Amino acid sequence: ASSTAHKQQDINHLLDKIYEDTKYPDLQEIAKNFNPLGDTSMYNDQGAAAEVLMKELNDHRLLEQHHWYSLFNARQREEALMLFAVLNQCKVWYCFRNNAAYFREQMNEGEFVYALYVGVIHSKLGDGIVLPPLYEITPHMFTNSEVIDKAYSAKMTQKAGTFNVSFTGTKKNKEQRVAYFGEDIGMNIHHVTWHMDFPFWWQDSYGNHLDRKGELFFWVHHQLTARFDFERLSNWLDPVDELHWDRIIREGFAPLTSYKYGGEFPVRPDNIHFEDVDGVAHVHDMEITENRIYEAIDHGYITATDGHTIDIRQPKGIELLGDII
Amino acid sequence: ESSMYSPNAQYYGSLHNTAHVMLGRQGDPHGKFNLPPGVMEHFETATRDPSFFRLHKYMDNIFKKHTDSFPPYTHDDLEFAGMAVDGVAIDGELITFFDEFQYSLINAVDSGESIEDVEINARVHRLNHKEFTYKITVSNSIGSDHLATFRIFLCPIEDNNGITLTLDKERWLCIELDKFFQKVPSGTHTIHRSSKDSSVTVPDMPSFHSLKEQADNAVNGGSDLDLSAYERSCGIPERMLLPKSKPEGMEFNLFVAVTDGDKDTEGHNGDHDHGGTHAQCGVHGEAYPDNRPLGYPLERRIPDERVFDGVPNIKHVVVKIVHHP
Ligand SMILES: *[C@@H]1O[C@H](CO)[C@@H](O)[C@H](O)[C@H]1NC(C)=O
Ligand SMILES: [Cl-]
Ligand SMILES: [Cu+2]
Ligand SMILES: [Cu+2]
Ligand SMILES: [Mg+2]
Ligand SMILES: [Mg+2]
Ligand SMILES: [O]
Ligand SMILES: [O]
């Protein structure tokens, strides 16, 4: 039951038709009858993570199904990580599979998919599993709205079809010349998977340290930026400018993409100044934060909570900067 | 412009000429710094300034509102009955390059009393092109030889974004390459026209040194100087007949309209000497030899390209221009 074949099959089934109740009777039975609190010896933490999540569920404090999910939303992330924490404590596959089946039917689908992916990646139980490409598990997040609408039409008419995607914007938009870079479905999987492998929410109490993570954070994004500029150079364009909090964002964007639940992704006009975002930050807060990071760089040390100096004039300095940035 | 032909300068002012001064003085608009007039305030220098072309496109769009107000030409407006353009081809490759040109700076320096001149020259790199010949095959089924006006334009096929332009979107971008009057005999015949003979262009000016030598040689020895071999200085330089294009080559539409030379030159003398620069510089001391509106037949809106395609005496073909760096 812990064989790679069965674990892979289990994961395939859990991720199938993710917006609907599971169509697999064996997963249905588990979701109905399994008790995450029913055997604390299943877990390396004596059952604590399961208690934490079940209390949120039983108190009706979890995000509803059929709702957008953003990893950058603090509360939604906290909920996804409560399920990750349970999966991460399972000693044996049946604990992992049964909790995943149980919470698939109780939790928001975006949170569930996120937690299951990082759970597989960061548990030794996940070794050998190949995660399906997210562009087939949640295609809305990788497919423009026009093609999704054709897929909806194919389903409404019960007729199979294959539909061509053809990049956002018009030829009048010079930025479209390089749309094949950032819209490539594999480039997007690269990016999501890097962050799943090296999550900003990681704590070593989850089981292990992620070596040089802050420096790898700098490097992977430096390479994304440098690779994009090489596409611009290939297409008779100048390099990208850098963002400034007090200057206009020249290039707007119309995603022409939609959530499965939540509506169309919002458009940004050309040539707009940053505005304060209610519930997030003031633009001035971003400037102050930037200033404080540059203060550390130019001091050669990061300032600890009690004021003492943390030396960054050494090879680990770039990593510590990644940690704080 | 305005000119002294304006019927009401008190009311309409002098938009274009005042604009030259407004633009030219923007480096010192209040005279605080005592700077001299800008390059826009001399016809010798105005085109050096990039804003010259922004100003003149602005002015061009004023004229275009007027030319766009007239009804599009019809088939009957445009047809030269019994005259068909069967083929348009070029003998010789269309190739541009840069070469070197020298002129004397002696008049710029100060000569003393009893101080021998020394030769002081400037050498400039200038665009140029290879000679070529139009081959325009025409079928005259009128029943007798007829005077025809040959109107030759170069038109863009696509814009800088790679978007294919409609004829209406091309016409105002087309550049005049030639206009000439020629008797077309009954039957099918190929008209040949050298690039060197364009009525849009004139050759490079003879140098001051060459003019002095020829005048002095003629005066010394009682030799009738005759320079009837040179042209006026008004006209696009022959060397700039073609746009630079790209080393990879670019394709353009070569547009040829063959129109009724009798109608076009009525009230003048069609088969007479009109000099070498009548297209834009007219004929010294004579009426302008072509009765058609300047830009004919491209100067009115063409909302329906079928009208032009149905006219046998109009034809365009694709040509390629290559720059040799
Ligand atoms: C979609 O693309 C394929 C191959 O590129 C082509 O054969 C097919 O005709 C395209 N369909 C449409 C509607 O353009
Ligand atoms: Cl012939
Ligand atoms: Cu990232
Ligand atoms: Cu002017
Ligand atoms: Mg459900
Ligand atoms: Mg902040
Ligand atoms: O001008
Ligand atoms: O001008």
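Protein sequence lines correspond, in order, to chains H and Y.
Per the numbering used here, the very first residue in the first sequence carries number 22; after that it's consecutive.
Per the numbering used here, the very first residue in the second sequence carries number -7; after that it's consecutive.
Virtual Cβ for every residue (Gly too), placed ideally from N, Cα, C.
Should residue i be flagged as near chain Y, meaning a C-beta pair shorter than 8 Å?
i                : result
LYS28 (chain H)  : no
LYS193 (chain H) : yes
Counting only beta-carbon atoms, is residue i nearer than 8 Å to chain H?
i                : result
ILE149 (chain Y) : no
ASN153 (chain Y) : yes
Given residue i, which residues of its chain have a CB within under 7 Å of its CB, disregarding the five upstream and five downstream residues?
i                : result
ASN209 (chain H) : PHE163
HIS34 (chain H)  : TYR45, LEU48
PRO195 (chain Y) : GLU223, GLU230
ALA271 (chain Y) : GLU168, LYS171, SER191, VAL192
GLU33 (chain Y)  : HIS12, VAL13, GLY16
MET307 (chain H) : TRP266
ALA121 (chain H) : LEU35, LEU108, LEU137
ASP344 (chain H) : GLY235
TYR282 (chain H) : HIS87, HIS88, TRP89
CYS273 (chain Y) : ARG224, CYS226, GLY227
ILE294 (chain Y) : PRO64, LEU159, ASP160, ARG163, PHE300
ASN165 (chain H) : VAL186, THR189, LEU277, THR278
Please work out which residues of its chain come closer than 8 Å, Cβ to Cβ, to residue i, disregarding the five sequence neighbours upstream and downstream, and give them in chain order.
i                : result
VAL310 (chain Y) : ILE149, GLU243, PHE244, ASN245, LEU246
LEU254 (chain H) : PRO260
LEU74 (chain H)  : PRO57, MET103, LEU104, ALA106, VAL107, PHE124
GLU123 (chain Y) : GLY84, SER186, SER187, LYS188
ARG115 (chain Y) : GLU92, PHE93, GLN94
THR257 (chain Y) : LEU139, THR141, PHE173, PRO281, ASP282, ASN283
For residue i, does the three-state DSSP call read helix, strand or coil?
i                     : result
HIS87 (chain H)       : coil
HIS121 (chain Y)      : strand
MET242 (chain Y)      : strand
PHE55 (chain H)       : coil
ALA11 (chain Y)       : helix
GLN224 (chain H)      : coil
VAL151 (chain H)      : coil
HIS294 (chain H)      : coil
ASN132 (chain Y)      : strand
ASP319 (chain H)      : helix
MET217 (chain H)      : helix
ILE32 (chain H)       : helix
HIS315 (chain Y)      : strand
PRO229 (chain Y)      : strand
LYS127 (chain Y)      : strand
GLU92 (chain Y)       : strand
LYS195 (chain H)      : helix
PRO260 (chain H)      : coil
residue 318 (chain Y) : Any property of residue 318 (chain Y) remains undetermined from this structure, which presents chain Y solely from -7 to 317.
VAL113 (chain H)      : coil
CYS166 (chain Y)      : coil
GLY179 (chain Y)      : strand
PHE251 (chain H)      : helix
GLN127 (chain H)      : coil
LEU203 (chain Y)      : helix
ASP83 (chain Y)       : strand
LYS145 (chain H)      : helix
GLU71 (chain Y)       : coil
Kindly give me the distance between the Cβ atoms of residue i and residue j, rounded to whole angstroms, as I take these residues to be in contact under 8 Å.
i                : j                : result
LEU70 (chain Y)  : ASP254 (chain Y) : About 16 Å; that fails the 8 Å criterion.
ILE167 (chain Y) : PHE142 (chain Y) : No, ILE167 (chain Y) and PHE142 (chain Y) are not in contact; Cβ-Cβ is about 16 Å, not under 8 Å.
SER91 (chain H)  : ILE169 (chain H) : Contact doesn't hold; Cβ gap of about 19 Å is too wide.
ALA76 (chain Y)  : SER131 (chain Y) : 4 Å
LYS112 (chain H) : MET177 (chain H) : The Cβ separation is near 46 Å, so there is no contact.
Just to confirm my understanding: we take residue i, look at its own chain, exclude 5 residues before and 5 after, and list those with CB closer than 6 Å. What are they?
i                : result
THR61 (chain H)  : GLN67, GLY68
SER133 (chain Y) : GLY74
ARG334 (chain H) : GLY321
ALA52 (chain H)  : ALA122, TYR123, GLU126
task: With ligand 3 as the reference, list in chain order each residue whose Cβ lies under 6 Å from any of its heavy atoms.
output: Result: H:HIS212, H:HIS216, H:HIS242.
message: Just to be sure I understand the criterion: a residue counts if its Cβ is closer than 7 Å to at least one heavy atom of ligand 5. Which residues meet that?
response: Result (chain order): H:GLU41, H:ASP42, H:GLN86, H:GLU126.
- request: Closer than 7 Å is what we want: which residues have a beta carbon that near any heavy atom of ligand 6? List them in chain order.
  value: Summarising the contact set, residues whose Cβ lies nearer than 7 Å to any heavy atom of ligand 6 are, in chain order, H:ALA302, H:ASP306, H:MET307, H:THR310.
field: Residues passing the C-beta test against ligand 2 heavy atoms, cut-off 6 Å
entry: Result (chain order): Y:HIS181, Y:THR182.
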